[PDB]
Asker: 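Just dropping this structure here.
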Amino acid sequence: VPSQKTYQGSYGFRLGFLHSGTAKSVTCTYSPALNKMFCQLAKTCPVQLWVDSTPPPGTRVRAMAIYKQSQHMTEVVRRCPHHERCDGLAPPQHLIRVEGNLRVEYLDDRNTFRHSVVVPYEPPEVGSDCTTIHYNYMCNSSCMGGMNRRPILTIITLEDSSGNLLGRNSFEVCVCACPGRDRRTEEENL
Amino acid sequence: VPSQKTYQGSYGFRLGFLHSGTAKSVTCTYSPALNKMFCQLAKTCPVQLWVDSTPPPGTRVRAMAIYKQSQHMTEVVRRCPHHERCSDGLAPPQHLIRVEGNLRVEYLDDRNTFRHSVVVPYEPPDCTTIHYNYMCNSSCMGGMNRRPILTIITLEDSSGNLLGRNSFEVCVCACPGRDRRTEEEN
Amino acid sequence: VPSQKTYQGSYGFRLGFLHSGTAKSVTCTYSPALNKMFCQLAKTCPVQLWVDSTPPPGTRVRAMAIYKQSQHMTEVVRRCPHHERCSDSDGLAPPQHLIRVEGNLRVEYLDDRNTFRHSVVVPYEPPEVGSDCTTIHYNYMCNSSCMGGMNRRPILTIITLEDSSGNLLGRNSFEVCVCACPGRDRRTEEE
Amino acid sequence: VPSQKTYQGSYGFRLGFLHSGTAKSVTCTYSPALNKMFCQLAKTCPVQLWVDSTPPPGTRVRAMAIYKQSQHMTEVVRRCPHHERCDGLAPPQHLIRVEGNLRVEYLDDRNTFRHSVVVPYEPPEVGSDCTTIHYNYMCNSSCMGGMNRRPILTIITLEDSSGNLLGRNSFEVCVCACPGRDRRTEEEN
Ligand SMILES: *C[C@@H]1C(=O)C2CCN1CC2
Ligand SMILES: *C[C@@H]1C(=O)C2CCN1CC2
Ligand SMILES: *C[C@@H]1C(=O)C2CCN1CC2
Ligand SMILES: *C[C@@H]1C(=O)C2CCN1CC2
Ligand SMILES: *C[C@H]1C(=O)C2CCN1CC2
Ligand SMILES: *C[C@H]1C(=O)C2CCN1CC2
Ligand SMILES: *C[C@H]1C(=O)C2CCN1CC2
Ligand SMILES: *C[C@H]1C(=O)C2CCN1CC2
Ligand SMILES: *C[C@H]1C(=O)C2CCN1CC2
Ligand SMILES: *C[C@H]1C(=O)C2CCN1CC2
Ligand SMILES: [Zn+2]
Ligand SMILES: [Zn+2]
Ligand SMILES: [Zn+2]
Ligand SMILES: [Zn+2]
């Protein structure tokens with residue numbers, strides 16, 4: 001199973017998320033207490049990259065989903081049969097897409113059969129302190145043919161142009177209709 | 001500029017404050033005559049919620065800081081760059097107002113106004129108390145820089161409908177007891 | 001494992017370091033309490049050599065890094081795969097070597113044929129006109145936190161004074177952190 | 001030339017000193033009339049920090065010596081060659097050390113070449129009203145090749161974690177064999 005161990009590494013790599021709140025109209029919202037992103041099917045899911053020093057051009061950022069529970073960790077996370085039968089760049093089986101990036105790259109691992117999506121690292125824009133990638137999750141947590149309500153973790157890895165690992169972080173993910181209500185409910189139960 | 005007007009609304013919503021006095025040891029103290037809270041950096045600032053009838057479960061209580069002077073009211077109130085680099089794991093580093101001791105605390109960066117606020121669930125008690133922390137001094141250059149602020153406390157239902165609103169002024173300074181006594185002399 | 005045992009030897013060989021303090025912007029700074037240098041990736045790290053009597057011409061000054069923890073001491077300290085990738089600023093130095101010397105055209109780098117350890121050596125030069133010490137500017141080419149390299153493990157640098165034929169004359173050592181803000185890391189560690 | 005202007009600042013920074021008197025046995029004694037400390041070489045010289053409100057954690061306290069006389073003020077105060085010979089954590093050239101503090105930090109200023117010593121500000125223990133720092137002076141005022149009978153001032157500055165001035169005070173210092181007699185004799189004039 002792919003490592004999920006957090007490493008800030010040489011560049012001080014960590015993730016951040018918008019402080020979106022839990023209003024009914026929010027389409028994605030992150031829970032710091034749960035380290036868990038709540039988002040809507042195929043909607044924009046901003047993840048921020050925070051670094052202490054700037055990685056060189058050529059650095060790449062990879063995202064991969066794995067099942068959190070130990071008895072499902074060896075199963076490849078993929079879309080359900082229904083949603084797979086629905087882009088011109090992403091493989092129809094992949095749960096995680098990146099939108100708004102024409103240099104996006106998709107991988108089916110030839111040995112593990114796991115799916116991942118990678119984009120070029122770009123430094124923050126002029127007035128910004130973080131790089132933002134817009135992920136899309138293409139299947140509901142409740143899709144019976146896929147995750148089937150099993151919790152998943154998204155692993156974000158920073159790697160150089162030769163594939164050497166530079167840092168790693170991760171967050172749990174829920175894909176459901178009303179992420180504001182779901183966040184509020186799950187924090188009530190803790 | 002977000003609305004600052006007082007409204008007790010349907011539930012008779014008001015704010016209360018402990019009668020802590022101005023002895024040297026006080027870590028925070030409220031002046032009724034100035035409707036002003038004097039507190040210390042990152043120390044407990046208790047605010048009581050008074051209601052004539054209980055809001056339904058799912059009610060929420062929001063706090064937001066705004067500059068009091070009309071020439072500064074459109075500037076977002078945020079921590080100075082020094083303190084923003086100076087976390088509880090839950091709060092954004094730029095936010096002036098935190099809530100301590102509440103694991104269901106939620107923080108908002110408004111996508112369009114860019115203003116900061118902190119919201120907790122309303123819990124029934126004879127008063128509901130929220131422990132706020134103010135994370136930047138009134139005197140911080142680059143932050144409030146000696147400009148007066150108001151904290152706006154809003155009661156909202158679970159759908160975000162406004163139920164009531166109150167407010168108070170706040171000082172964040174090293175000796176709240178001495179500051180209150182001095183300003184009330186003028 | 002090469003020796004880290006301090007020995008002033010017959011020339012009274014000692015190390016000195018600038019008294020730089022811990023301001024946030026300082027580029028390197030040494031902690032006497034920790035016998036530890038805090039420096040930045042690829043930036044100047046001055047180390048002073050102090051001798052009681054002047055070593056003969058042909059004397060050489062070697063620097064080598066070793067891991068401090070016993071379960072890693074037989075591992076060669078080297079740059080991580082990421083940083084060991086060749087660059088156009090490598091110059092006179094092997095791309096795998098953690099420790100460089102800057103501003104010295106007579107610098108020499110060694111991959112030991114038998115132990116595979118890396119080291120960098122320069123001629124010993126006596127202090128200039130109105131000076132009491134000789135300064136060498138080292139650069140450390142990999143952060144302490146580099147994945148696939150030091151990977152947060154602590155290291156020592158061993159400075160040896162050698163004769164023209166390589167016999168040990170003197171030896172000292174110090175620990176090294178390579179991090180983004182040495183002033184902060186030192187002030188925080190001394191708490 | 002560093003500032004010696006007294007500056008109580010926002011925290012109400014003041015110095016205090018023990019009321020030690022001038023008996024023969026005393027090793028450090030302060031003259032209020034002269035604002036001048038009389039202490040022996042390398043012995044404990046206590047200096048109290050008094051504040052009206054507690055400065056934040058991360059505050060630091062710096063000490064630096066300058067020559068009191070205007071015609072010597074640009075000369076760096078340092079130890080004489082005799083005493084400078086190589087001790088613990090301190091640089092051998094530094095006149096002013098701090099005793100009993102593992103977090104002490106010493107600075108040779110890269111631009112002014114001045115020496116100084118810095119420790120973290122600690123608040124007074126609950127019950128106590130002031131913070132004491134134990135300084136040591138490592139050269140006699142009479143040392144040939146060092147101070148050479150020239151009077152010096154010790155400047156104590158309060159700074160925040162980024163080095164910004166919060167407060168400043170100063171006092172004269174005389175390092176000599178018998179501080180009690182020296183103080184008593186100097187107050188006769
Ligand atoms: C992290 C960055 C910033 O500095 C602000 C908030 C979110 N992104 C874009 C603007
Ligand atoms: C040891 C030498 C000197 O005599 C001064 C201080 C540090 N180095 C360079 C100049
Ligand atoms: C700077 C180094 C490191 O990276 C860890 C923590 C402190 N030192 C020793 C090990
Ligand atoms: C240091 C003292 C003085 O002030 C003078 C000269 C030497 N001792 C005795 C008298
Ligand atoms: C997203 C949500 C679900 O639907 C189950 C897995 C994780 N989280 C809790 C239960
Ligand atoms: C808290 C105190 C200050 O520091 C200024 C703004 C508000 N109040 C009066 C002056
Ligand atoms: C980059 C690579 C080369 O091409 C030679 C010089 C340094 N490195 C090893 C050999
Ligand atoms: C310590 C670190 C910082 O935070 C900036 C100034 C100096 N150094 C590089 C960037
Ligand atoms: C602050 C000062 C005093 O007044 C006594 C107690 C502690 N310190 C030394 C003596
Ligand atoms: C210590 C004594 C001296 O030797 C001169 C300077 C200060 N004090 C008075 C004169
Ligand atoms: Zn599906
Ligand atoms: Zn501030
Ligand atoms: Zn590296
Ligand atoms: Zn002397």
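One-based numbering, in listed order, for ligands and for the atoms of each. In the text below, chain A, chain B and the rest are named by the order of the sequence lines, each starting its count at 1. The analysis underlying the following values was restricted to heavy atoms, covering all of them including side chains, and did not include hydrogens, waters or symmetry mates.
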Asker: Quick one: which ligand 8 atoms are inside 4.0 Å of a heavy atom on C:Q40?
Answerer: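 Those of ligand 8 that fall under 4.0 Å from C:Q40 are 8 (N).
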Asker: Distance under 6.0 Å and angle within 45° of the ring axis: does D:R150 meet both against D:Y67?
Answerer: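 Checked: cation-pi criterion met.
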Asker: Determine whether C:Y124 and C:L49 make a side-chain contact, defined as any pair of heavy atoms from C-beta on separated by less than 4.5 Å.
Answerer: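 Yes, side chains in contact.
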Asker: Return the set of residues passing ring-ring contact (aromatic ring centres under 6.0 Å, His included) with B:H95 (not counting sequence neighbours), or none when no residue passes.
Answerer: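 Counting only residues at least two positions away or on another chain, B:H95 forms a ring-ring contact (aromatic ring centres under 6.0 Å, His included) with B:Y107, B:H116.
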Asker: Applying a heavy-atom distance cut-off of 4.0 Å, which protein residues contact ligand 2?
Answerer: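 Correct list: C:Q48, C:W50, C:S131, C:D132, C:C133.
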Asker: Ligand 3 and C:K36, any nitrogen or oxygen pair closer than 3.5 angstrom?
Answerer: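 In this structure, C:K36 places an N or O atom under 3.5 Å from an N or O of ligand 3.
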Asker: Whether the C:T134 and C:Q48 side chains hold a donor-acceptor pair (N or O, under 3.5 Å, no angle test) is what I'd like checked.
Answerer: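 Their side chains do not contain a donor-acceptor pair, so the 3.5 Å distance test is not met.
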Asker: With C:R62, which residues qualify under salt bridge (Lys or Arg N to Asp or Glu O under 4.0 Å), at least two apart?
Answerer: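 Once residues adjacent in sequence are excluded, the partners of C:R62 under the salt bridge (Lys or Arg N to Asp or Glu O under 4.0 Å) criterion are C:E162.
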Asker: Between B:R79 and B:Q94, does any side-chain donor sit less than 3.5 Å from a side-chain acceptor?
Answerer: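 Looking only at side-chain atoms, B:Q94 and B:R79 do not form any donor-acceptor pair under 3.5 Å.
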Asker: Show the nearest heavy-atom pair for residues A:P32 and B:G89, with the distance to one decimal.
Answerer: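 Reported closest heavy-atom pair: CB-O, 3.9 Å.
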Asker: Partners of D:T74 by side-chain contact (heavy atoms from CB on, under 4.5 Å), sequence neighbours excluded?
Answerer: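 Here the qualifying residues are D:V1.
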Asker: Check each heavy atom of C:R184 against ligand 8 and say whether those closer than 4.0 Å belong to the side chain, the backbone, both or neither.
Answerer: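 Answer for C:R184: neither.
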Asker: Tell me which part of C:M150 gets within contact of ligand 3: side chain, backbone, both or neither, using heavy atoms under 4.0 Å.
Answerer: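 Answer for C:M150: neither.
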Asker: Any atoms of ligand 3 less than 4.0 Å from a non-hydrogen atom of C:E189? List them with their elements.
Answerer: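 Per the distance check, 7 (C).
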Asker: Suppose I only count heavy atoms of C:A180 and a 4.0 Å limit; which atoms of ligand 8 are within that range?
Answerer: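 Per the distance check, 1 (C), 2 (C), 8 (N).
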Asker: Could you tell me, atom by atom, which parts of ligand 8 come under 4.0 Å of a heavy atom of C:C181?
Answerer: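 Matching atoms, with element in brackets: 1 (C), 2 (C), 3 (C), 4 (O), 8 (N).
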Asker: Any donor-acceptor pair under 3.5 Å linking the side chain of C:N143 with the backbone of C:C146?
Answerer: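 Flag not set: sc C:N143 to bb C:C146 has no pair under 3.5 Å.
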